[PDB]
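J.:
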Amino acid sequence: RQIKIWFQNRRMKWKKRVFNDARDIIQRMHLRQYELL
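Spelled out as structure tokens, the structure:
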């Protein structure tokens, strides 16, 4: 968790993996993937 460490949550993506998420459809948030489900 520790999501309240906004003042210490950068190493979680020091620019290098971000482009990955954004490299999907909607940063992987507005997705849906209604596959076989």
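Under the authors' numbering, the first residue of the sequence shown is numbered 1, with each subsequent residue one higher. Cβ coordinates follow ideal geometry from the N, Cα and C atoms, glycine included.
#1: Just to confirm my understanding: we take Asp21, look at its own chain, exclude 5 residues before and 5 after, and list those with CB closer than 7 Å. What are they?
#2: DSSP state of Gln8, grouped into three classes?
#3: Is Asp24 helix, strand or coil when you go by DSSP?
T.: If we stick to the structure as given:
#1: Correct list, in chain order: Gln27, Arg28.
#2: Here DSSP, grouped into helix, strand and coil, assigns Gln8 to helix.
#3: Coil at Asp24, not helix or strand.
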